[PDB]
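Participant: To start, I am sharing the structure in question, which I have written as structure tokens.
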Amino acid sequence: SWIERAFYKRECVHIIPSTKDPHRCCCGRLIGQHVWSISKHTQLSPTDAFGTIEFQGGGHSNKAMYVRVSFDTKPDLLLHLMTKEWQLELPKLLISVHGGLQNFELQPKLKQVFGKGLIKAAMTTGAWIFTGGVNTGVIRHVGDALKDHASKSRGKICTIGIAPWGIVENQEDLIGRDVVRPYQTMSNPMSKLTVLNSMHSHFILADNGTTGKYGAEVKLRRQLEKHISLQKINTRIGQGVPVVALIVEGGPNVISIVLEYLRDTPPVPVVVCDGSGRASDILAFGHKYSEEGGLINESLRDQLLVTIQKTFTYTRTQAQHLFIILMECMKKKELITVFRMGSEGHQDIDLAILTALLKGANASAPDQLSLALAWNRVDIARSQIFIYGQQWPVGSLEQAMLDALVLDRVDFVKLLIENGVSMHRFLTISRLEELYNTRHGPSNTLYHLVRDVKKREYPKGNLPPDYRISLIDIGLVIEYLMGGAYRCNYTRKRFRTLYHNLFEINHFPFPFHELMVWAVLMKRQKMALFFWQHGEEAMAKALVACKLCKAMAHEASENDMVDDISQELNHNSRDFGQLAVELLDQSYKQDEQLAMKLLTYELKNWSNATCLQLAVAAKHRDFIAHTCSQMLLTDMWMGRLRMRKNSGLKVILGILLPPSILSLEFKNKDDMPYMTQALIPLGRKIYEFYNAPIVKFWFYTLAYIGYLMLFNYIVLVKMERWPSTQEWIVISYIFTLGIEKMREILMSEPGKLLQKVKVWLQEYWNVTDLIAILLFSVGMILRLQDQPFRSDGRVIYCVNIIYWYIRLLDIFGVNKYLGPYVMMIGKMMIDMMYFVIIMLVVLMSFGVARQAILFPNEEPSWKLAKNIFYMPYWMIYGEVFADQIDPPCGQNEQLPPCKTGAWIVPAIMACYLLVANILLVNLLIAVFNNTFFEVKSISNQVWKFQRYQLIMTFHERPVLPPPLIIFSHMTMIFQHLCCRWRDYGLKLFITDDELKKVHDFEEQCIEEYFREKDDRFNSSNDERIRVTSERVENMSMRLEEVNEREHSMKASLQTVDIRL
Amino acid sequence: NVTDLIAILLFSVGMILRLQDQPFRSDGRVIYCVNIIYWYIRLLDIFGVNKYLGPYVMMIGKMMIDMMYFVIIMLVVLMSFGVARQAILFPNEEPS
Amino acid sequence: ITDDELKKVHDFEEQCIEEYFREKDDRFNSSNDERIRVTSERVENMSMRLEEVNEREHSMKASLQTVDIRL
Ligand SMILES: CC(C)CCC[C@@H](C)[C@H]1CC[C@H]2[C@@H]3CC=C4C[C@@H](OC(=O)CCC(=O)O)CC[C@]4(C)[C@H]3CC[C@]12C
Ligand SMILES: CC(C)CCC[C@@H](C)[C@H]1CC[C@H]2[C@@H]3CC=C4C[C@@H](OC(=O)CCC(=O)O)CC[C@]4(C)[C@H]3CC[C@]12C
Ligand SMILES: CC(C)CCC[C@@H](C)[C@H]1CC[C@H]2[C@@H]3CC=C4C[C@@H](OC(=O)CCC(=O)O)CC[C@]4(C)[C@H]3CC[C@]12C
Ligand SMILES: CC(C)CCC[C@@H](C)[C@H]1CC[C@H]2[C@@H]3CC=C4C[C@@H](OC(=O)CCC(=O)O)CC[C@]4(C)[C@H]3CC[C@]12C
Ligand SMILES: CC(C)CCC[C@@H](C)[C@H]1CC[C@H]2[C@@H]3CC=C4C[C@@H](OC(=O)CCC(=O)O)CC[C@]4(C)[C@H]3CC[C@]12C
Ligand SMILES: CC(C)CCC[C@@H](C)[C@H]1CC[C@H]2[C@@H]3CC=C4C[C@@H](OC(=O)CCC(=O)O)CC[C@]4(C)[C@H]3CC[C@]12C
Ligand SMILES: CC(C)CCC[C@@H](C)[C@H]1CC[C@H]2[C@@H]3CC=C4C[C@@H](OC(=O)CCC(=O)O)CC[C@]4(C)[C@H]3CC[C@]12C
Ligand SMILES: CC(C)CCC[C@@H](C)[C@H]1CC[C@H]2[C@@H]3CC=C4C[C@@H](OC(=O)CCC(=O)O)CC[C@]4(C)[C@H]3CC[C@]12C
Ligand SMILES: CC(C)CCC[C@@H](C)[C@H]1CC[C@H]2[C@@H]3CC=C4C[C@@H](OC(=O)CCC(=O)O)CC[C@]4(C)[C@H]3CC[C@]12C
């Protein structure tokens, strides 16, 4: 409704002057067909012709919006229509295509080159194409180019055409108000009126009142182009949008339009094409034969006059006037870029167009760089802005670096860095908070994270819209997303002190770390992959990025956001994990010991952590299952012991015989010092042996086996009123194990006790241990009383011995073959459960039927439910109860009489036994068999992942086994009281030179991986085939041109031989 | 649906036999036991809704044909051994 | 649905149809077999055209030799 109330229209209410034809008025319409003010006396009214046009026919179906406007309307209102009602963003480039209104045909290769150029130019910059609207001549060529574009590309080219309203065929067909109107692409050759072009996007059909006459649109199009060019571009460096003027063929008027474009403030560059003919060819012949602009000698002046008089069929004075207008154009010869087919005329439309825009702007190179940044054309920037000898202002390159960063232009970062711009000198604290607070580029979820951590920190709520996200808030986001005891460098007291005292000290020592974190947080994947290559600590950066992407994917799924976001962040997490795995593979291929040093050393920039800890916290199964991590974990397992030959027996012999300890080959003092917080050799050997995790595990295993044997003795032998010595040892083991599990609860990661309890009950073995310890205390309390509670305590003791015998599988989980077997059993338990369900259905059907037939007169008693399940369950395991299948009855051998329907019981027994024993057992065999391989590979990888958890658990465990652990517990309470009265991991703590060689080894591995990946991509079959096919294409077109030039040279040689 | 119709007709026959006196009441009880076999089997319709139990049930239905062919070959071998054992160990038998 | 929702549903269907069709065309044109066939055929036309170019080059060399002999 706004279009009718804002735009106006004019209709022909005149005195009907006949002039030549009595029906034809001044407006050209029929004399009875009626219903500027000079001789038309036109009246103004709201519009009645606007909406959408459905182009019926002409191949592809395409919808184009349209509106009928007055020719005298102000262009700001029209612009506002395009920006608001048609939802068109402000273009980064305006193209004005002018040419002859008569239809013409060009060369096929010229038409193909011009069409491909116009399509690519309007695609890559997102331009607006301004045509004549109707389907005549150059606009017909533009429509054919857009037809080829619709036939082979994803683009929607905004190709707004402006035509007069009076000349378009079927004017009554386009009458409506926000109504879709079908249109016919057929044009009657008898009618002088022409149809609109089918492949246009918008129409600004302008009515001056007259019909069948031009000139109603040129002024309006010119003021709209000017008004667009006064609008500032989004770079906000101080320039408007650039305007180019493409000229194909043309008539006598297009020289005047070229003059009007050149003699304008600001000037507009003009690109012409050669080979079409008419005004373009005379412009080209003027441009090549021009010398110093307007300095044209007499002979080519007369040649230009005779070509104007011959091609344009003009008189002598008309040709002289056109030559005067030509010279007035040629005064500004620098603005005209002439494209020539073949030769060295840029071999392309678009290089000519874009460099014409570049030197028509004629500004400083920062303005040119901001233009190329807005157009997303790194190729033209590299080829012409960054040419040799280009002067650059101080500080402009860093401003363009910032602008390329905030707009997500990765290749522009690459070009600016290659040019020389360095992150160390560019990155400041202020620039990075500006980067975190940008609004350009793709969408992101970071405002939700900062809102959640602000709600959690100060329980406010929703942030203000004009909120500047500080780096402290970003640090809190890293703390929450990483989880655990991670402490980001922003939240430390040093950076908060620097932030309070300031809002090379403000420069970042590792700027690529901050750029990596910024890129992953604001969901810019290509930027993060670019920043991963550059800088040190690549594997740490990859694992941190993997954890960040996984945890933001989880948080986005938790806040009920778009699921496509969560899928993309999971894909980014899997990509960063795959990078980390390939880096580990490269480091393992180069040097094993440097790879372990890379995996183990403390990362001061990542909360004092370890690459192994970061991989475990990211739950990266493939990282720990890699051979290098497995051998590092094996080295961590043996502690300070070389050994590594017939393991198990030597450490058992050392535990049982203490003088066997000193006959062992111990490791060096500084061979691989994995530490948590950074007679004498005999004592050092004793202390180094007894703190090894393998030694602690075997001591724990021997104590558990001895306790299990004592429990077996106290349940098999009878017990007296008071417990024996063996039962006291078993009770002591249970109590000290419970105290040890309580100490594991208290020495955990969270602060609030319910969170520690929840994170400790997240393991199934811990909750079953707690249930067993409570069951033992209940049974012991019942046993210490008199009868009949002592037998109940004995029964609870038997249930507990079932549990501890099952818990031997925890000890069995350490072996390389038994552990995967155990979790494989755990995987097959689900298929067992489904089998148990179907067995349950069939079993109770047979049980209910058998019991209800064979026992008709029964009272309500719970023995019926027992008889339901009793014999049919044992029928599965080879006991069919053959004496009770069909006993002889109703005869004398006096037997009791036959129950009615007792013969049914063997028949349904036969059906039940067949179904159960032959169907469901064999089906469960099939389910166990066909899911074995996936389950087996998964259990192997999961066991190799949980080796780390086992090693850390046994390293953090006390030296003494549980039955003697009360002495070590008293040692820690005494030490804790002494520390009160007066960092969980195994890092290496290298020096600075070792850090230097580790970093250089990491850079060598990064370059090796990257351009080995490039070598594999370049030597693959698909890439070779594609490359060969494309070079065959260029070869065939060039050889066709060579054949044409060879024919021309043969004709010239024949003429020269005929002459001489 | 056809098994449901057969079961409902069987229940009405058994209930009609049960509402009389002896010996038809025991026959109605026997028909009730055959029907409880059927409804216990028809729990698999409710089980067909779960994402894992449903495919399991129709998978069982697919393997029933291979069971039938096994039952045929077992039937041939089983009656060969049964006829041979009974006809050797019991030479003097009346038609029964 | 209403009529406007029918309109956006129909336009979404047309977008999906064009996406499927000329993505299928892109997959057909970037496949290895089609590339190999295209390269072989353009090598055929290239070889016959280069044989014609060699014949015309021999004729042009003979004409240039005759013109040099004349002058
Ligand atoms: C390190 C692992 C692999 C083995 C450690 C366990 C054994 C050294 C323990 C566990 C069970 C113990 C037995 C449990 C019960 C008894 C009965 C006990 O006899 C009595 O209690 C009645 C007579 C008396 O009081 O001496 C004599 C010791 C003995 C054989 C114990 C001997 C030592 C055993 C074999
Ligand atoms: C640390 C635990 C988990 C296993 C370690 C094994 C041994 C240190 C234990 C297990 C069985 C124990 C034996 C179990 C029973 C007895 C009988 C016991 O006889 C008496 O006490 C008789 C006199 C009395 O009735 O008081 C003397 C200790 C002895 C040999 C124990 C000595 C220590 C043994 C060998
Ligand atoms: C004396 C009678 C009552 C026999 C006892 C039978 C059950 C109480 C036991 C026998 C085998 C046990 C299972 C053997 C192996 C495993 C894998 C293990 O689980 C894991 O290692 C976790 C990983 C995973 O589940 O895959 C411990 C649970 C489970 C299912 C056990 C659960 C308890 C089970 C079913
Ligand atoms: C479908 C399959 C995989 C599982 C279904 C079978 C079980 C649920 C059944 C089969 C045997 C049943 C047991 C058979 C006998 C008894 C003894 C009964 O105790 C008595 O009768 C008291 C002592 C007596 O009177 O002799 C209590 C139920 C119980 C444990 C039954 C509990 C249910 C059991 C374990
Ligand atoms: C108490 C005694 C007599 C045991 C009863 C034995 C049979 C009457 C039952 C036991 C298992 C049943 C089968 C379990 C599973 C299926 C699949 C289900 O069929 C479908 O879901 C249709 C699709 C398909 O057939 O694959 C119902 C029929 C069938 C063959 C059942 C037919 C009846 C069976 C053979
Ligand atoms: C789909 C499947 C899982 C259904 C399984 C149903 C049966 C196994 C249950 C359901 C109702 C139960 C009955 C509910 C009530 C009683 C009465 C009860 O009587 C007494 O305890 C005596 C009363 C007294 O003297 O206090 C004996 C068990 C019994 C027959 C139960 C036996 C087992 C039944 C038949
Ligand atoms: C669902 C699957 C995965 C697990 C199987 C669960 C049930 C089939 C079991 C678990 C608990 C069992 C019940 C536990 C205790 C009893 C009491 C028991 O009573 C007696 O034996 C009374 C003594 C007598 O008179 O003999 C009869 C069986 C019954 C109902 C059991 C029937 C079978 C039940 C329901
Ligand atoms: C090849 C396999 C898969 C199937 C072949 C086996 C069945 C067809 C057989 C095996 C057991 C047979 C049953 C064994 C015993 C009897 C009891 C019989 O009734 C009596 O003898 C009346 C009571 C009495 O005299 O004790 C009726 C036949 C029947 C149901 C038989 C019917 C045929 C059955 C089910
Ligand atoms: C290829 C396979 C499937 C062939 C299987 C053949 C046998 C299982 C059948 C076929 C003929 C049957 C016999 C046909 C006739 C009789 C007489 C019949 O006698 C009576 O009923 C008594 C007569 C009266 O007093 O009324 C007892 C069963 C019997 C032996 C049948 C027993 C079972 C037989 C041997």
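Each chain in the structure tokens gets a letter, A, B and so on, in the order shown; residues start at 1 in every chain, and ligands are counted from 1 in the order they appear.
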Applying 12 Å and only C-alpha atoms, which residues near range 35-51 of chain C remain after dropping the ones on its own chain fewer than 4 positions away? List them as a PyMOL selection string.
Facilitator: (chain A and resi 1021-1044+1046) or (chain C and resi 26-31+55-58)
Participant: For the residues in the current selection, export N, CA and C atoms as a JSON list (two decimals), in the first residue's frame.
Facilitator:
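Okay, again.json is ready:
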[["chain", "number", "residue", "atom", "x", "y", "z"],
["A", 1021, "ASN", "N", 44.96, -38.46, -9.05],
["A", 1021, "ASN", "CA", 44.48, -38.67, -10.41],
["A", 1021, "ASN", "C", 43.39, -37.67, -10.80],
["A", 1022, "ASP", "N", 42.47, -37.40, -9.89],
["A", 1022, "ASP", "CA", 41.34, -36.49, -10.21],
["A", 1022, "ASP", "C", 41.90, -35.10, -10.53],
["A", 1023, "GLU", "N", 42.79, -34.59, -9.67],
["A", 1023, "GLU", "CA", 43.32, -33.24, -9.86],
["A", 1023, "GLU", "C", 44.12, -33.15, -11.16],
["A", 1024, "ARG", "N", 44.88, -34.20, -11.49],
["A", 1024, "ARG", "CA", 45.62, -34.23, -12.74],
["A", 1024, "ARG", "C", 44.69, -34.23, -13.94],
["A", 1025, "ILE", "N", 43.61, -35.02, -13.87],
["A", 1025, "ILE", "CA", 42.65, -35.10, -14.96],
["A", 1025, "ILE", "C", 41.95, -33.76, -15.17],
["A", 1026, "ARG", "N", 41.56, -33.09, -14.06],
["A", 1026, "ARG", "CA", 40.93, -31.78, -14.15],
["A", 1026, "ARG", "C", 41.87, -30.74, -14.74],
["A", 1027, "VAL", "N", 43.12, -30.75, -14.30],
["A", 1027, "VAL", "CA", 44.13, -29.82, -14.79],
["A", 1027, "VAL", "C", 44.40, -30.03, -16.28],
["A", 1028, "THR", "N", 44.52, -31.30, -16.70],
["A", 1028, "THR", "CA", 44.76, -31.62, -18.10],
["A", 1028, "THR", "C", 43.58, -31.21, -18.97],
["A", 1029, "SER", "N", 42.35, -31.44, -18.48],
["A", 1029, "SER", "CA", 41.18, -31.05, -19.25],
["A", 1029, "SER", "C", 41.09, -29.54, -19.42],
["A", 1030, "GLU", "N", 41.39, -28.76, -18.37],
["A", 1030, "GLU", "CA", 41.32, -27.30, -18.48],
["A", 1030, "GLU", "C", 42.40, -26.75, -19.42],
["A", 1031, "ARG", "N", 43.60, -27.31, -19.34],
["A", 1031, "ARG", "CA", 44.66, -26.83, -20.22],
["A", 1031, "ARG", "C", 44.44, -27.27, -21.66],
["A", 1032, "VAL", "N", 43.73, -28.38, -21.85],
["A", 1032, "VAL", "CA", 43.28, -28.77, -23.18],
["A", 1032, "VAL", "C", 42.23, -27.79, -23.71],
["A", 1033, "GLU", "N", 41.36, -27.29, -22.83],
["A", 1033, "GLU", "CA", 40.39, -26.25, -23.22],
["A", 1033, "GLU", "C", 41.05, -24.98, -23.73],
["A", 1034, "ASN", "N", 41.96, -24.43, -22.93],
["A", 1034, "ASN", "CA", 42.67, -23.22, -23.34],
["A", 1034, "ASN", "C", 43.50, -23.47, -24.59],
["A", 1035, "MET", "N", 44.07, -24.67, -24.70],
["A", 1035, "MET", "CA", 44.85, -25.05, -25.87],
["A", 1035, "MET", "C", 43.99, -25.10, -27.12],
["A", 1036, "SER", "N", 42.75, -25.61, -27.02],
["A", 1036, "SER", "CA", 41.89, -25.73, -28.19],
["A", 1036, "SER", "C", 41.39, -24.37, -28.65],
["A", 1037, "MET", "N", 41.04, -23.49, -27.71],
["A", 1037, "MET", "CA", 40.59, -22.16, -28.12],
["A", 1037, "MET", "C", 41.75, -21.34, -28.69],
["A", 1038, "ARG", "N", 42.94, -21.50, -28.12],
["A", 1038, "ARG", "CA", 44.11, -20.80, -28.64],
["A", 1038, "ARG", "C", 44.53, -21.35, -29.99],
["A", 1039, "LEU", "N", 44.38, -22.66, -30.21],
["A", 1039, "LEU", "CA", 44.73, -23.23, -31.50],
["A", 1039, "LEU", "C", 43.71, -22.86, -32.57],
["A", 1040, "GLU", "N", 42.44, -22.68, -32.19],
["A", 1040, "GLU", "CA", 41.46, -22.14, -33.14],
["A", 1040, "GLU", "C", 41.83, -20.72, -33.55],
["A", 1041, "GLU", "N", 42.26, -19.90, -32.58],
["A", 1041, "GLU", "CA", 42.75, -18.56, -32.91],
["A", 1041, "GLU", "C", 44.01, -18.60, -33.77],
["A", 1042, "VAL", "N", 44.88, -19.58, -33.53],
["A", 1042, "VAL", "CA", 46.11, -19.73, -34.31],
["A", 1042, "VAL", "C", 45.78, -20.14, -35.74],
["A", 1043, "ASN", "N", 44.78, -21.01, -35.92],
["A", 1043, "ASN", "CA", 44.32, -21.39, -37.25],
["A", 1043, "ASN", "C", 43.72, -20.21, -38.00],
["A", 1044, "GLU", "N", 42.95, -19.37, -37.30],
["A", 1044, "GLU", "CA", 42.40, -18.17, -37.95],
["A", 1044, "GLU", "C", 43.50, -17.20, -38.38],
["A", 1046, "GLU", "N", 46.57, -18.03, -38.99],
["A", 1046, "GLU", "CA", 47.33, -18.69, -40.05],
["A", 1046, "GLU", "C", 46.63, -18.57, -41.39],
["C", 26, "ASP", "N", 26.43, -30.54, -12.43],
["C", 26, "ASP", "CA", 27.79, -30.28, -11.95],
["C", 26, "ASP", "C", 28.51, -31.57, -11.57],
["C", 27, "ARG", "N", 27.80, -32.51, -10.95],
["C", 27, "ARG", "CA", 28.41, -33.80, -10.63],
["C", 27, "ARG", "C", 28.72, -34.61, -11.88],
["C", 28, "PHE", "N", 27.84, -34.54, -12.88],
["C", 28, "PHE", "CA", 28.12, -35.24, -14.13],
["C", 28, "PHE", "C", 29.29, -34.61, -14.87],
["C", 29, "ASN", "N", 29.39, -33.29, -14.86],
["C", 29, "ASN", "CA", 30.46, -32.63, -15.59],
["C", 29, "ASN", "C", 31.81, -32.71, -14.91],
["C", 30, "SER", "N", 31.85, -32.93, -13.60],
["C", 30, "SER", "CA", 33.12, -33.01, -12.88],
["C", 30, "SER", "C", 33.54, -34.45, -12.60],
["C", 31, "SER", "N", 32.80, -35.43, -13.11],
["C", 31, "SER", "CA", 33.19, -36.81, -12.92],
["C", 31, "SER", "C", 34.37, -37.16, -13.83],
["C", 55, "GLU", "N", 49.72, -29.12, -42.94],
["C", 55, "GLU", "CA", 49.62, -29.07, -44.40],
["C", 55, "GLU", "C", 49.63, -27.63, -44.92],
["C", 56, "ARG", "N", 48.88, -26.74, -44.26],
["C", 56, "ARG", "CA", 48.88, -25.34, -44.67],
["C", 56, "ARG", "C", 50.21, -24.66, -44.37],
["C", 57, "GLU", "N", 50.92, -25.11, -43.33],
["C", 57, "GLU", "CA", 52.25, -24.56, -43.04],
["C", 57, "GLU", "C", 53.26, -25.00, -44.09],
["C", 58, "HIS", "N", 53.15, -26.24, -44.58],
["C", 58, "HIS", "CA", 53.99, -26.68, -45.69],
["C", 58, "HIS", "C", 53.71, -25.88, -46.95]]
Participant: Near residue 568 in chain A, counting only C-alpha atoms, which residues have an atom at most 10 Å away, once you skip same-chain residues fewer than 6 positions from it, shown as number ranges by chain?
Facilitator: A: 523, 525, 549, 553, 574
Participant: Can you pull out every residue with an atom within 9 Å of ligand 8? Use only C-alpha atoms and all ligand atoms and format it as an NGL selection string.
Facilitator: (:A and (885-890 or 898-899 or 901-911 or 914)) or (:B and (67-68 or 70-79))
Participant: Within 8 Å of ligand 7, counting only C-alpha atoms and all ligand atoms: which residues, as a list in words?
Facilitator: residues 833, 836, 837, 840, 861, 862, 863, 864, 865, 866, 867, 868 and 869 of chain A
Participant: Show me which residues sit within 9 Å of ligand 2 when counting only C-alpha atoms and all ligand atoms, and put them as a PyMOL selection string.
Facilitator: chain A and resi 702-710+724-726+729-730+732-733+961-964
Participant: Create the file for the chosen residues now, containing N, CA, C and O atoms and written as an mmCIF file, in the first residue's frame.
Facilitator:
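Now in part13.cif:
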data_model
loop_
_atom_site.group_PDB
_atom_site.id
_atom_site.type_symbol
_atom_site.label_atom_id
_atom_site.label_comp_id
_atom_site.auth_asym_id
_atom_site.auth_seq_id
_atom_site.Cartn_x
_atom_site.Cartn_y
_atom_site.Cartn_z
ATOM 1 N N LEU A 702 47.668 -57.878 44.463
ATOM 2 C CA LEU A 702 47.985 -58.934 45.419
ATOM 3 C C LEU A 702 47.206 -58.767 46.715
ATOM 4 O O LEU A 702 46.734 -59.757 47.290
ATOM 5 N N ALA A 703 47.040 -57.525 47.180
ATOM 6 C CA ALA A 703 46.228 -57.296 48.369
ATOM 7 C C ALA A 703 44.765 -57.640 48.128
ATOM 8 O O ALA A 703 44.104 -58.192 49.013
ATOM 9 N N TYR A 704 44.246 -57.333 46.935
ATOM 10 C CA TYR A 704 42.857 -57.657 46.632
ATOM 11 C C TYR A 704 42.641 -59.160 46.543
ATOM 12 O O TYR A 704 41.616 -59.667 47.004
ATOM 13 N N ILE A 705 43.598 -59.884 45.961
ATOM 14 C CA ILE A 705 43.485 -61.339 45.873
ATOM 15 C C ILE A 705 43.574 -61.973 47.257
ATOM 16 O O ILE A 705 42.806 -62.889 47.581
ATOM 17 N N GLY A 706 44.479 -61.476 48.106
ATOM 18 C CA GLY A 706 44.560 -61.983 49.470
ATOM 19 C C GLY A 706 43.312 -61.701 50.286
ATOM 20 O O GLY A 706 42.841 -62.562 51.038
ATOM 21 N N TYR A 707 42.741 -60.506 50.121
ATOM 22 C CA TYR A 707 41.480 -60.178 50.776
ATOM 23 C C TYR A 707 40.344 -61.054 50.264
ATOM 24 O O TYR A 707 39.471 -61.460 51.039
ATOM 25 N N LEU A 708 40.338 -61.344 48.963
ATOM 26 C CA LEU A 708 39.302 -62.192 48.388
ATOM 27 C C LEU A 708 39.398 -63.611 48.928
ATOM 28 O O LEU A 708 38.375 -64.239 49.227
ATOM 29 N N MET A 709 40.624 -64.111 49.087
ATOM 30 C CA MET A 709 40.834 -65.441 49.649
ATOM 31 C C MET A 709 40.403 -65.494 51.110
ATOM 32 O O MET A 709 39.817 -66.488 51.561
ATOM 33 N N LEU A 710 40.669 -64.421 51.862
ATOM 34 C CA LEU A 710 40.221 -64.365 53.251
ATOM 35 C C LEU A 710 38.705 -64.302 53.362
ATOM 36 O O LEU A 710 38.120 -64.908 54.265
ATOM 37 N N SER A 724 36.524 -63.981 63.661
ATOM 38 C CA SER A 724 37.868 -64.523 63.785
ATOM 39 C C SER A 724 38.874 -63.488 63.289
ATOM 40 O O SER A 724 38.523 -62.349 62.972
ATOM 41 N N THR A 725 40.149 -63.878 63.228
ATOM 42 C CA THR A 725 41.188 -62.963 62.765
ATOM 43 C C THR A 725 41.022 -62.638 61.287
ATOM 44 O O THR A 725 41.168 -61.476 60.880
ATOM 45 N N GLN A 726 40.695 -63.649 60.480
ATOM 46 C CA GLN A 726 40.495 -63.453 59.048
ATOM 47 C C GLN A 726 39.314 -62.534 58.774
ATOM 48 O O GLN A 726 39.375 -61.672 57.886
ATOM 49 N N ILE A 729 40.401 -58.998 59.447
ATOM 50 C CA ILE A 729 41.175 -58.452 58.333
ATOM 51 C C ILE A 729 40.258 -58.049 57.179
ATOM 52 O O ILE A 729 40.459 -57.004 56.546
ATOM 53 N N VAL A 730 39.220 -58.847 56.915
ATOM 54 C CA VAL A 730 38.255 -58.510 55.863
ATOM 55 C C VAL A 730 37.479 -57.239 56.215
ATOM 56 O O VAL A 730 37.282 -56.355 55.364
ATOM 57 N N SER A 732 38.536 -54.838 58.222
ATOM 58 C CA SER A 732 39.495 -53.745 58.107
ATOM 59 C C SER A 732 39.700 -53.331 56.661
ATOM 60 O O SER A 732 39.793 -52.134 56.371
ATOM 61 N N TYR A 733 39.759 -54.305 55.744
ATOM 62 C CA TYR A 733 39.876 -53.994 54.320
ATOM 63 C C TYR A 733 38.678 -53.201 53.826
ATOM 64 O O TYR A 733 38.843 -52.239 53.070
ATOM 65 N N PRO A 961 48.892 -50.565 49.944
ATOM 66 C CA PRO A 961 47.631 -51.172 49.518
ATOM 67 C C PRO A 961 46.544 -50.939 50.555
ATOM 68 O O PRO A 961 46.862 -50.506 51.673
ATOM 69 N N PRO A 962 45.266 -51.178 50.223
ATOM 70 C CA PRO A 962 44.144 -50.850 51.151
ATOM 71 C C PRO A 962 44.212 -51.458 52.549
ATOM 72 O O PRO A 962 43.856 -50.742 53.493
ATOM 73 N N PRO A 963 44.630 -52.723 52.774
ATOM 74 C CA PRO A 963 44.651 -53.203 54.175
ATOM 75 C C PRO A 963 45.669 -52.509 55.067
ATOM 76 O O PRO A 963 45.518 -52.548 56.293
ATOM 77 N N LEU A 964 46.690 -51.873 54.495
ATOM 78 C CA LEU A 964 47.648 -51.085 55.255
ATOM 79 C C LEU A 964 47.549 -49.596 54.952
ATOM 80 O O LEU A 964 48.433 -48.833 55.350
#
Participant: For ligand 5, list the contacting residues at 7 Å or closer, counting only C-alpha atoms and all ligand atoms, as a PyMOL selection string.
Facilitator: (chain A and resi 842+845-846+849+908-909+911-912+915) or (chain B and resi 37+41+57-62+64)
Participant: Write out as number ranges by chain the residues lying within 9 Å of range 60-67 of chain C, counting only C-alpha atoms and excluding same-chain residues fewer than 3 positions away.
Facilitator: A: 1049-1050, 1053-1054, 1056-1057, 1060; C: 55-57, 70-71
Participant: Please identify the residues whose atoms come within 8 Å of ligand 3, using only C-alpha atoms and all ligand atoms, and report them as a VMD selection string.
Facilitator: chain A and resid 764 to 765 802 to 803 806 to 807 809 to 810 813 819 822 to 827 829 939
Participant: What are the closest atom pairs, with distances in Å to one decimal, for all residues of chain B lying within 10 Å of ligand 9? Consider only C-alpha atoms and all ligand atoms, order rows by chain and residue number, and present the result as CSV.
Facilitator:
residue,atom,partner,partner_atom_place_in_ligand_line,distance
B:75,CA,ligand 9,3 (C),8.6
B:76,CA,ligand 9,2 (C),7.8
B:79,CA,ligand 9,2 (C),7.6
B:80,CA,ligand 9,2 (C),9.0
B:82,CA,ligand 9,8 (C),9.7
B:83,CA,ligand 9,8 (C),8.2
B:93,CA,ligand 9,30 (C),9.6
B:94,CA,ligand 9,19 (O),8.1
B:95,CA,ligand 9,19 (O),4.5
B:96,CA,ligand 9,27 (C),3.9
Participant: Just write the chosen residues, C-alpha atoms, as a compact mmCIF listing (two decimals), in the first residue's frame.
Facilitator:
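This went into out11.txt:
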# COMPACT_ATOMS: atom_id res chain seq x y z
CA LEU B 75 10.79 -84.18 10.85
CA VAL B 76 12.13 -86.61 8.23
CA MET B 79 10.28 -90.05 12.24
CA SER B 80 12.90 -92.35 10.67
CA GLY B 82 11.19 -93.04 15.87
CA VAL B 83 9.68 -95.64 13.54
CA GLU B 93 1.73 -104.59 19.20
CA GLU B 94 -1.95 -104.17 18.43
CA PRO B 95 -3.22 -101.29 16.27
CA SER B 96 -3.39 -98.33 18.63
